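Engineer: give me a model of this one.
(chains A, B, C and D, ligands or ions: 4)
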Amino acid sequence: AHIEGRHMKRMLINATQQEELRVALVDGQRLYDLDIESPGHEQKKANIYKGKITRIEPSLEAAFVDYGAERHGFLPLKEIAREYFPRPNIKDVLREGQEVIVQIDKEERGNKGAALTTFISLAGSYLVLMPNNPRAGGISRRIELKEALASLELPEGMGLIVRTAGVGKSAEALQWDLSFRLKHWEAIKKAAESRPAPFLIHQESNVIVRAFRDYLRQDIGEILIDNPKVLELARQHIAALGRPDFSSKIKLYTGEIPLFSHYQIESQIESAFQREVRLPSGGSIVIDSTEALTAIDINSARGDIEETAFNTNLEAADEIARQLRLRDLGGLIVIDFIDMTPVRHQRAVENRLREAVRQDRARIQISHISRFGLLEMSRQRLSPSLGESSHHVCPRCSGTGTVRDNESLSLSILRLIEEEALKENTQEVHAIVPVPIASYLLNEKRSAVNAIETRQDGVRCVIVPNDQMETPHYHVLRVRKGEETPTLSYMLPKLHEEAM
Amino acid sequence: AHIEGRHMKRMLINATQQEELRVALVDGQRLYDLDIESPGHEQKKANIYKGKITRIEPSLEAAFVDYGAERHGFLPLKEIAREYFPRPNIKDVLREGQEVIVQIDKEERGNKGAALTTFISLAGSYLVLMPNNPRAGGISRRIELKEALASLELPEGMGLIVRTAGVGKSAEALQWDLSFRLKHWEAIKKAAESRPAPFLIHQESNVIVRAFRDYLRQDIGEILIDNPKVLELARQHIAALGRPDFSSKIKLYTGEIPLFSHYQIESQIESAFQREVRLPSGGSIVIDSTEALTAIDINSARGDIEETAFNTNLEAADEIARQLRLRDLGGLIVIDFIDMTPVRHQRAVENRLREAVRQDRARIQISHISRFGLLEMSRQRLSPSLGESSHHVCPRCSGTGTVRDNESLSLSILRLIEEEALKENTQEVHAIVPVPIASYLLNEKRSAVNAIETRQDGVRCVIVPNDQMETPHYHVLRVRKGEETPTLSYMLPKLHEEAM
Amino acid sequence: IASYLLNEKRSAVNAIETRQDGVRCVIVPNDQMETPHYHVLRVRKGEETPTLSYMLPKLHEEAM
RNA sequence: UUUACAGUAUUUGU
Ligand SMILES: [Mg+2]
Ligand SMILES: [Mg+2]
Ligand SMILES: [Mg+2]
Ligand SMILES: [Zn+2]
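Structural biologist: Numbering: from 1, shown residues only, chains lettered A, B, ... in the order given. Ligands and ions are numbered 1, 2, ... in the order given. Here you go:
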């Protein structure tokens, strides 16, 4: 019967394992957010570079940047600063080879490079400076502050935003921040004026600093840390981050029972990695990701039908909202709630979902339930998903989740063999295939194979079982007249390795 | 530049392989429909049985039937015949153990049994008899026939439908059909009156008979068959099916180059089995199936952007329409066309799709492109999809298409080991895991494992690499005090086999 | 062999590492060998990599 | 992590 407010919200930092630093927001024992960092795979979003313009595109109204990755970043027209420009075409604003101050809006995904803007933003605890453009500024829509904002001394060419954490802080306190921002900016444009033009300038902070900078509302009761050395670092991060009011709140955890286990969130953390997640009342949601989009289905538990569909869909809306966050799912998401005949049920389920994602930091947009029962929504990509970052594509099935049955596949291969055997100038065709495929072709289909060889007089069909493949994989190589060897059937895979 | 009408439409029947009988409708060399049948996995839709009512459900307004499968069929209220009933509740109409004449509307899918109706329908070449209800009848919406329908002599309690193939046939010709139907019906209700009440009554015809009964429009030029014995059978099927006008059209194929290869449809047939399908101009569609639904994405080729998105989306609409048919995709389908800024583009793409599925036999419903760029549609399930029928769930990934990385997984297991080790009365915990998982835990994580054993004084953590697993799979078994053996670590998997 | 060394003999392996302060003993199970075969390679100071234990056989293939 | 003067309610009537 979760109600926000009942239990303490806490920040649990588990840092006993070098290879995975974990930060969890927990409410009582209810995990509602997670962040995991490991050496090497450190974050690149909100780094700043000195990049040189590679190639221009009026076609796309943007241009490409060598910021120093093996792959170049993508820089849209709407993102180039009036100050960098000696509605127009991009062919008009920037030159090829031209240096420029660049920030990463979005990490590389799939094939794309990274979206960049020249409109750099510098986040502090209470403020975000946009030294590069005045057009921007204001109050966290989550909120005297109008009154205190006006009083800071911001340089003409720039605007700024008061953060959600500003709520409880005063003017002079914002200025302390506003400045550290300006310092940094000065250092930035200077560490750039003094070089050539492809290098990193500012590395975004690690997962604890980020947590502290971005996740510490007032309603965070305690920050538990399970490792002394790290804890000490944390204290310095808080102070340095201008948040004395949290010092008392940081506490070393010392139980023998590991932190995350003591607060019982380990199974909830694991739920992020599962395809199916049980709901409180017995049903579940099933999350599938596809090329286009993430699809989520909903099943009920095992009694009013109408009431069951409703209560289950409501539970699902809650669970989806957190799975979205834990899994860092982004982009298009399509939800298949159980059918409800009463329209008012449909609105209530939508509203439940709207409510449930209100605390999410990612921008989100939801629509209504379609006449087919689908709800479409979009969530902003804050960082790569669990799938991209802790998984890899199945090596068996190639992401497809299924495997063609042996006979189906065998007959496919058989037809492919015959086609090859028909081509002019063919001397042999070698089919290299999984063991059971070989079995089936050379027993169940021995006649066919025989017929092929007899119709195509003089053509050898060699079909070799290869224990180094499993089914779906195979090769059918064609051997032209004159280029055959006296190689043994079963030493044949190895021969073709230098393909295959 | 395909235009319907240019080339001959043909029916190609490939029957040289005992284990897969294939029927293709081809237009010129363009495959537009496929059907594949193999011994054993014969069709069950439109079989008729004598079933006994198992259990009733006012909750669902329907009841269950033992028609003789291991699993019982599902029989909705709207489907029970006024004649079988000695708006009400189902608790009111049928008794438990009560015999009844039952037809299969839909094959078993997943967990469901099969949807059944008592409103039996008997399809002939030109007519469909619904002996069980008059409320039904008319003209193929694809079409003197009003005038000739009236003239048949149909028994009062029953209605009938004139098929699309009726177009070119006369009255007396419908009667010839109308009767063979009535004969059959008589035989049906008689082979039922004379037994007890769980048995098969009528087995639906095989894939060639069905093809002939259901797919032979006038615009079918030739029926090629590549096997003499089968061809002879076909002749009898046509005659028996009352279609002399097709006799001249059936022709033995005799090339050495196999039929489907001569007409170049083998690669198109194969496209049905691929996740990605190239479009004429270079782009492609990618088809993913999920618990909820089938998702299709669309990519473009490598020049007006607006024009490219449009032309590609149009090509896709065509290809999707046929993939839907070839793959026998049914249920909810969601299509992610490339973004188009001009709304008129959006309508044109929708309309293209509507047009492209007009020839499909399955009922279909399309909606508009959403504000998120998605198009939702539904297609009636005519029979199981390629996925259900020629594939099986990946054995590696369990349908998920991905595999958790080794370190991620290892740390998961490590935490699970420690939890087990903490429980009262624990003597040892055995973790049985893939080779590389073992490597990582027992090297990279050897300290952790060590610490666990030292904190939990007296608890053995045995972590054994097992070459019979690959990663995601593993077992963590807990061993209580007193129940440990002196078994060797590596003979341990085998011990637990009688689990595990 | 890996199983036995890293379970039945885990203490010994541990002791070795503790007596020889600073020396890593990496023992990796390799499904491409069966028993009698094995390799024990020594890695000098300065020439170690940050290679994962189980990607280690493959590294040493260009021996081994 | 985003843009003002405004708009009213409480109050006001021996
Ligand atoms: Mg797309
Ligand atoms: Mg559903
Ligand atoms: Mg999948
Ligand atoms: Zn797989």
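Engineer: C-alpha only now, for contacts and for neighbours.
Structural biologist: Fine.
Engineer: what about residue A:388, how many residues nearby?
Structural biologist: 15 (other CA atoms under 10 Å in any protein chain shown).
Engineer: now do residue A:365
Structural biologist: So residue A:365, with other CA under 10 Å, has 14 neighbours.
Engineer: do the helix or strand hosting residue A:321 and RNA strand D meet?
Structural biologist: Assigned by DSSP states H and E, residue A:321 belongs to helix A:305-326. No. Interface with RNA strand D: helix A:305-326 contributes nothing (CA under 7 Å from any atom of the strand), its closest point being 14.9 Å away.
Engineer: need the residues that contact that helix.
Structural biologist: Helix A:305-326 is contacted by residues A:32-35, A:269, A:272, A:279-281, A:283-285, A:298-300, A:329-330, A:337-341, A:345, A:349-350, A:352-353, A:356-357, A:360, B:59 when judged by CA atoms under 8 Å, 6 or more residues apart in numbering or on different chains.
Engineer: pull out the buried residues from it.
Structural biologist: A:308-326 (16 or more other CA atoms under 10 Å in any protein chain shown).
Engineer: could you check how far the residue nearest the centre of chain A is from residue A:325?
Structural biologist: Using CA atoms, centre = their mean, the residue of chain A that lies closest to the mean C-alpha position is residue A:384, 2.0 Å off. Look at residue A:384 and residue A:325: by CA to CA, to the nearest Å, they are 11 Å apart.
Engineer: what do you get for residue A:139?
Structural biologist: On the measure of CA to CA, residue A:139 and residue A:325 end up 24 Å apart.
Engineer: then residue A:165?
Structural biologist: Per CA to CA, residue A:165 is found 21 Å from residue A:325.
Engineer: which residues of chain A lie near ligand 3?
Structural biologist: Residues of chain A lying close to ligand 3 by CA under 5 Å from the ion are residue A:401.
Engineer: walk me through the domains of chain A.
Structural biologist: A:1-390, A:391-500 (curated CATH domains).
Engineer: now render the ones you listed as JSON lines, adding distance to residue B:481.
Structural biologist: Listed next are those as JSON lines, based on distance: least, CA to CA, whole Å:
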{"stretch": "domain A:1-390", "distance to residue B:481": "20"}
{"stretch": "domain A:391-500", "distance to residue B:481": "37"}
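Engineer: save those domains as JSON lines, and put in distance to ligand 4 too.
Structural biologist: JSON lines is the format used below for these (distance: least, CA to the ion, whole Å):
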{"stretch": "domain A:1-390", "distance to ligand 4": "13"}
{"stretch": "domain A:391-500", "distance to ligand 4": "4"}
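Engineer: nearest to residue B:104, out of those domains?
Structural biologist: Each of these has some distance to residue B:104 by CA to CA; the shortest is domain A:1-390, at 24.4 Å.
Engineer: need the distance between the two termini of that closest one.
Structural biologist: Terminal residues of domain A:1-390 are spaced 32 Å apart (CA to CA).
Engineer: how about stretch A:23-43?
Structural biologist: Using CA to CA, one end of stretch A:23-43 lies 15 Å from the other.
Engineer: only the buried residues of that stretch, if you could.
Structural biologist: A:23-29, A:31-35, A:37, A:43.
Engineer: need the max-distance pair from these.
Structural biologist: Top of the distance list for the buried residues of stretch A:23-43 (CA to CA): A:28 and A:43, 29.0 Å.
Engineer: then residue A:234 would be within a helix, right?
Structural biologist: Yes. The assignment for residue A:234 is a helix, going by DSSP: H, G, I helix; E, B strand; the rest coil.
Engineer: could you check how far it is from residue B:354?
Structural biologist: Distance of residue A:234 to residue B:354, computed by CA to CA: 61 Å.
Engineer: cool, residue A:98 as well?
Structural biologist: Counting by CA to CA, the gap from residue A:98 to residue B:354 is 50 Å.
Engineer: please identify which of these two sits among more neighbours.
Structural biologist: Counted by other CA under 10 Å, residue A:98 and residue B:354 do not tie: residue B:354 has more neighbours, with 18 against 13.
Engineer: the more buried one contacts residue B:363, doesn't it?
Structural biologist: No. Using CA atoms under 8 Å, residue B:354 makes no contact with residue B:363, being 11.7 Å away.
Engineer: contact partners for the closest residue to RNA strand D within the stretch 301-450 of chain A?
Structural biologist: Nearest residue of the stretch 301-450 of chain A to RNA strand D, counting by CA to the nearest atom of the strand: residue A:361, 6.7 Å away. Applying CA under 8 Å, 6+ apart to residue A:361 gives no contacts.
Engineer: which stretch of helix or strand covers it?
Structural biologist: Using DSSP H and E, residue A:361 sits within no helix or strand.
Engineer: also the one 5 residues further on?
Structural biologist: In this assignment (DSSP H and E), residue A:366 forms part of strand A:364-369.
Engineer: what lies in contact with that strand?
Structural biologist: Under the criterion CA under 8 Å, 6+ apart, residues A:346-347, A:350, A:354, A:357, A:375-380 lie in contact with strand A:364-369.
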